[PDB]
Amino acid sequence: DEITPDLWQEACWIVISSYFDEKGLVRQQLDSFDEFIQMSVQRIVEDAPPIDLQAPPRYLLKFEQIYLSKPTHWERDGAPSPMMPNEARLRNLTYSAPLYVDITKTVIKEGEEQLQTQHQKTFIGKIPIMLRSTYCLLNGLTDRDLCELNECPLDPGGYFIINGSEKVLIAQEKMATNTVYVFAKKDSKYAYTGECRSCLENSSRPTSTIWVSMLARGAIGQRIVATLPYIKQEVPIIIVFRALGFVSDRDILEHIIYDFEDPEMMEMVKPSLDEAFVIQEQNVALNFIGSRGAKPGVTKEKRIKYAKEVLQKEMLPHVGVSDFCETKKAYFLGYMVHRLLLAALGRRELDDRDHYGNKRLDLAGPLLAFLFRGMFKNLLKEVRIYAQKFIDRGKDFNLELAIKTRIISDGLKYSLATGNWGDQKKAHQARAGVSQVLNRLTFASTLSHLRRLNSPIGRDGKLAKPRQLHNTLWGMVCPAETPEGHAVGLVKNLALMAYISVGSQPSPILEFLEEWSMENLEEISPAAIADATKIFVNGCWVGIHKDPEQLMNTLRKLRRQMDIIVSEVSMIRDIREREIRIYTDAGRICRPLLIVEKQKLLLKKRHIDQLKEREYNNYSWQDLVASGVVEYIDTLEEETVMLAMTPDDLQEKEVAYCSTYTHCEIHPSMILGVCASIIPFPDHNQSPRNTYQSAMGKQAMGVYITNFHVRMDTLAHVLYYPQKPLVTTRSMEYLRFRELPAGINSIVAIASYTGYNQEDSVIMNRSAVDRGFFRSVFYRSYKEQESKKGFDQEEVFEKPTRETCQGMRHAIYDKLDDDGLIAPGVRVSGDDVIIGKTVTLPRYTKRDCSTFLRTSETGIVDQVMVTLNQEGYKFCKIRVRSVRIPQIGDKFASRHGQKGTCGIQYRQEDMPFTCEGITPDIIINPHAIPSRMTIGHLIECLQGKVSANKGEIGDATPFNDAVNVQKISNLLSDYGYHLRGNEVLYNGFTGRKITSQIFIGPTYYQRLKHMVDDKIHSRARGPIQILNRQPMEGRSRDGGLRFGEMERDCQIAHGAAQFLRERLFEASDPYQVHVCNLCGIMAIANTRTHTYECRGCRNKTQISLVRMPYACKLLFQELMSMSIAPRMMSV
Amino acid sequence: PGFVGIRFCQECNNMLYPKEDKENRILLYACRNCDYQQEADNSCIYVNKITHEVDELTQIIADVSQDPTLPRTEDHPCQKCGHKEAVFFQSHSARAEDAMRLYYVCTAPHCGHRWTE
Amino acid sequence: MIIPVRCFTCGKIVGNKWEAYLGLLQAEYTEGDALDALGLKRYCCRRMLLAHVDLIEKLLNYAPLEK
RNA sequence: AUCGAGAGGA
Ligand SMILES: [Zn+2]
Ligand SMILES: [Zn+2]
Ligand SMILES: [Zn+2]
Ligand SMILES: [Zn+2]
C-alpha cells in the first residue's frame, strides 16, 4: 500500500509526468483565455447598462447573448472561409474570430403599443484567438492533423497571431484586491496606513483604494483618518461611521472594538472620538464629507447627496454597492480600523508588500477583459450618439449601421500588436511591455516567454526590495531564471508545476456557509465577534463562526472531493487572529502538493499503479486530484501548511523535527522553471551561474520548432546536428528538450593550450567544425508589398530598367525575374536586389523602390512566397538562407554560465590527443572554473564520460542522493579511465606528453545567436543624419560609433587635444558659418558672387568665416529659436 | 494601577468625559452630548504604561495549539491538565525586545492552558 | 536533424549506423551493447549515436511543396 | 526614412 523509498523516485516522477500529460507548460495562458471567452465577455456585455434613448418613442437596446464563431477570414469577394493559423502567419492576417451579439430593441411610445424586435447574431467585433485554446481551429487536433496543417505538434500555443506576428501576453503582477494591508511609511505624516484596493466581483470600474491611516505622533494623541476616494481631504473615521448611520459612539466602537475588556484599543481610538463630537448626526457628517471634497456644493443638500453617492459606490465596492449595505460597509471599515490598531499596538505584524500571497498575476484573460470593457463601453457610446442623432429627427434607425465594429476589432488588434495596454489615444498613459513578440529562437525561449511574469514596478526604480527573491517565490517562480540587466528580479518565470488560478464564483461557497453554521454579518450582534472567527470570502467579511477547526476540516474535505469547492480555491485559516480567508478569484499562483495523513502520504502504491497504465485506463492527473491525494496550495495557504521536502521527512526520527506535516513536495526540483530545468547539477553551481545559463539557454541554437520549413520568420537559426544531452535532468522530458534540443555534446578538455582560451574563451577543433560541428543555417525573411493606395502613385513588382527608373542603384538586377521577384536557389551577395519594385511618379513615370539584401549577408534564396495581404494587393516574402560555420568570435556556452568566444581553431593534428586518439572538440581554460565555482560543469563532464562509455543518459536532476561524485568516479574507473575524469594528453605539435593530466570528457555545449559576423562593423565617411550632419546610428544604417562623453573625458585626461578635436569636430560634423564681426550672429554668405552681408547690422565688409561643428550651429539656431542671442564674437 | 476604560452615557450612548464638581469636590463622568452625569468609582482618569509591561499570556489564545506549523514538545507537561505534549512559540510581537522568551500552550482539547518558563 | 556522417571528434563514419542502431535497440539490446555491436569503442562515437535526435522523421510528417 | 516601444549583448 505504502510507496517505499526505493520506489519513490519512480512514483514521484510518474506523478509529475501525469501532471504534464494533463496540463502542459502553457496551461495558464489557455485557461485564462478560455475563461475570458466563456465567461468574461458575456459578463461584460450583460453588465453594461441598457442604453435608453428617447426624444415620444423610446428604445432600450439590451444586449443579452454572445456568440463567438470559429476563426474565419473574409476575402474581397466576401466568402467566409476557415482560416488556419499558418495562413495567418504567411499572409499577415490576424487570427481572430467574429463576435456576434444578440440585441433586443423594443419600441415603447404610448398606449401600451409595445413590440420587441430581436436582431440575432449582430456582428459586434472581431476578437483575436489564442492558439490551441478551445476556440482555436487547432483545438483537439492530433499530431497528424497538425502536421497536415503545417503546424508543429510540439508547439505549445498560448499566443496570438496579429498581422502575422506572434504576440504573447506577459502576466502582470499587481497587489491583490479586497484585502486590507497595513503598512508603515517611514517618511510620511502617517504612522500606520491600512489600505484596501477594493473592486467589485465582476469588474466594471478601476480599483477604488481606501486608506485608513493614523497620524504620526507630533494634537494630544494619535488621530485616525480615512482617505476616501474622490475626496482630496482626510476625513476622521468617526465622521465616516456617522455618515453611514452610526451616530452613537457605542455603536461605532461595537463595530471597531470587538473585545470591550481591552482598554489599550480603547484609549488608542479615543482621540478620534474626541476629534469628532461637534458632528453627531448622519446628515451633518455627510455634509462634512461633501465639504471636504474637491467639489464643495454651495448648498448642503447636494453636498449630502454627493457624500451619499460616494459612500455608497466608491467606498469599498467589494463589500456591496447597492443600498442598505451600510451595515456591511461599517463592519468592514471597522475591521480596517481594527487591523490598523492591531498594527499600531504591535499585536499584528505589518503586511509584507513582497509576499506573493498578497499579489495576483493578471493573465491573458483578465487583461483582455480590461480591454474589452473599455472597448465595449466606447462602442455603446458611439451607438448612443448615432441613435440619438436619428431619434432626434423622430424616425427609426438601423442598429447595424449604428454598430461600427472597428472599435472592438481595431482596439484589441492594436493593443496586442503594439503592447501599449490601453486606448490608442491614451498612448502615454498606456502601459507598454504587455503583449510582446513571441521569442522563436529556440524552443526553450518560446516556452519561457510563454511562462513569463512581469513586476511593473518600473526599471528606473533602484529599490532592491521588489527585485529580491522573496521566500514566498518557492515553488511558484524559478529562483534562477531572471534577466541580469536592468530588470533583475522584476521579470520572473513560473516554476514548472506552478498554476495560476483562473478564477471562480464564490456563490456555492457562500451558499454552503449559509447552510452550514455560519452567521451572517447583518444578523449577529457585535458582542459575538469577540470569541468568534471571522470569515472572509474574496476579501468580503461575510459572517462569523464558532468552531473554525471543524469548519476548515469540512471545507478541506469538500475541496478534496471536488465537491462545491473547486480545486483552485484557497482556504487559509489564520489561527492567532481568528480570520478564515477563502479566495476564489483569479491570478492566485499556486502549486500541487501531496497531502499527508497522520504521518503518511495519501499517495499509496495503487495510485502509482493506475498512473503507470495512464494510456490504457485513462487514469489521469485529474483522477489523482479528485482522489484527495493531491492539492493545489497557493502562496497564502502555504503559510498555514507544514511541508515535507520528501517522504523521508515523514519517517520517525531519533529526534522528530515536526511530526505534524500536512503536505509533501512532489519533487523539490519543480521549484525551477523551464530554462533552469535544463541545467544539470544546478545545486553544484554558484547561483549567478544558474541565472546566466537560464538567460543563455534562450540564445542557444537548436531547432526552435519542427515546422520551420514553412515559417517566414524575420530571423531564424537552425542547428545542423542538434543532440540531446548525454547528461540530462528528469524535467527536460516535459520541456521537450529531447525532441528539440539546442546544443551538441562536445568532448571538452579543460586545459591551458597555447593561450588562446584565456579569459572566457575556447579553442575549437577545426576538423570537427569541418565535419558539421555546431554548424547552423540562418534564415532571414524579407517582406514587401506593392501598394495601389491611389491613382496618384502605385507600386508594382517588375524587373526595373535603366531607361525608365530614376532612383536605380548601380547594382545589377539580372537575378530578378520578369515578375520582379528573385527565384529560389539563386546565390545573392551583399547589396543585391531580391525584389524589383517600381513606384509610378506624379527615369520617367516610375522610380525604383527595390528591396536590397541587408548588407554583407551572402546567402542563397531559400524560398519565395507570394500572396495577398488583408486589403488585397500583391504581397511577397523571400527567405534567404546563409550557412553559419562556427569561427573565431562566435559565442558558445555550456549549461553552467560558462560562456566564451572562439579564440582560435586548430586542426585535429594540432589539438592535444589521448592515448586513444581522441582530440577535444573544445578546449576551455581552467581559470574559468575557480572563481565561478561551476562544479556542475565538472560533474556533468564526468557523468557524461560515464554515460558515453556506458551507453546511457546521465541523471543530473538537482537534488538526488542516489547520484554523487564518488559513485560517478567509481563507475568511470570501471571503463578503464582515471576515476576523476583526467587523462594523459599529448602535445599535438610535438607529440610529447603533457606533464599535467588533463580533465576531458563530454559536456553539452550550446552555440549562441551572437555570431561575430552579425556584429563586426566599420565606417569611413558613410551616410550622415539629416538634422545634425553626423554619422548614422547602427550597422544596418552604416553608421558611426559614438564617441561619447566618457570618451571625451578620457581623452581630456590623456591631454590629446588634437585627437579630441578630430573625433568631436573633424570626424563627425565639420562645418563653416559666416559671422558678423559686429553682432556676432550668423550672416548671409554668397560664395558664388562673393557677397557677404548681415541684415541685422546692414554691413557687408566685416564678416568672418568660422569653422564650427554642425551640431553647434544647430544648437545656436535652436537657441535663436528661443529668443536667445548666442553671439560668436571673434575678437 | 491598571488601565482605565471608556464608559458611555446611559441615554445617548456617547462616551462620558471626565469632569470635576467643585461643590462636592468630587470626580464625575458627564456626557457632552446629553446632560447625564455619573459618580466615578476608580478616581483615575488616564494611565500610560511607558515600560509596556504587558503579560503576553493574555494575548495568546488556546486555538493556536491547532497550528501544524508550530513546534511541539514533550518536555514541558501542562500544570493544569497533565498533558505531555505542548506547542511553544516566541513573542513575535513588536515593542518586545527580549522576545526570545518562549510561551507554551497545552495541546489537550478544551484545556488550552498557556504558560511560560 | 539527421545522423551525422562522421564522428565530430575522430572522423569515424557513423552515418551508416543509425538504422542498425535502432534495429538493435528494438532487438532488446541495451544502448551500450548496441553501441558495442556496431564497433563504436571510443566514447566520442558512442556520444554521436547515443545523443542523436532523429528530427528528420518529424520533418517528414509535413507534405512536400510539390506533389 | 522618422518616432516610439520591446527584446537582448558587454
Ligand atoms: Zn551683424
Ligand atoms: Zn450622554
Ligand atoms: Zn493543559
Ligand atoms: Zn569518434
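Chain naming here is simple, since letters A, B, ... match the order of the sequence lines and numbering starts at 1 in each.
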(message) Pick the closest RNA chain D nucleotide for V491(A) and for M1032(A) by heavy atoms, then say which residue is nearer the 5' end.
(response) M1032(A)
(message) Please compare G419(A) and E484(A) by the position of their nearest nucleotide in RNA chain D and report the one closer to 5'.
(response)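 The residue mapped nearer the 5' terminus is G419(A).
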Does [X] make a side-chain N or O approach to OP1 or OP2 of [N] shorter than 4.0 Å?
X: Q699(A); N: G9(D); result: yes
X: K891(A); N: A10(D); result: yes
X: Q436(A); N: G6(D); result: no

(message) Does the plane of the ring in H937(A) sit parallel, tilted or perpendicular to the ring in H896(A)? Use 30° and 60° as the thresholds.
(response)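 Ring orientation, 0 to 90° scale: tilted.
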Which nucleotide wins on minimum distance to the side chain of [X], given the candidates [options]?
X: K899(A); options: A10(D), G8(D), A7(D); value: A10(D)
X: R452(A); options: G8(D), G9(D), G6(D); value: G8(D)
X: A432(A); options: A10(D), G6(D), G8(D); value: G6(D)

(request) Establish, from distance only, whether the side-chain atoms of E481(A) and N690(A) form a donor-acceptor pair under 3.5 Å. (result) no
Rounded to whole angstrom units, what separation is found between the [atom1] atom of [X] and the [atom2] atom of [N]?
X: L438(A); N: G8(D); atom1: CG; atom2: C1'; result: 15 Å
X: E481(A); N: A7(D); atom1: CD; atom2: P; result: 14 Å
X: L416(A); N: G6(D); atom1: CG; atom2: P; result: 16 Å
X: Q172(A); N: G6(D); atom1: CD; atom2: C1'; result: 12 Å
X: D760(A); N: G9(D); atom1: CG; atom2: P; result: 15 Å
X: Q424(A); N: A5(D); atom1: CD; atom2: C1'; result: 14 Å
X: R1037(A); N: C3(D); atom1: CZ; atom2: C1'; result: 11 Å
X: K698(A); N: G8(D); atom1: NZ; atom2: P; result: 7 Å

(message) Before we go on, tell me: are the rings of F892(A) and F774(A) under 6.0 Å apart, centre to centre?
(response)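 Centroid separation for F892(A) and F774(A): below 6.0 Å.
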(message) So that I can tick it off, tell me whether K837(A) and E795(A) are bridged by a salt bridge, with the cut-off set at under 4.0 angstrom between side-chain N and carboxylate O.
(response) yes
(message) Taking side chain to side chain contact (heavy atoms under 4.5 Å, CB included) as the criterion, tell me which of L450(A), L25(A), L131(A) meets it with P156(A).
(response) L450(A)
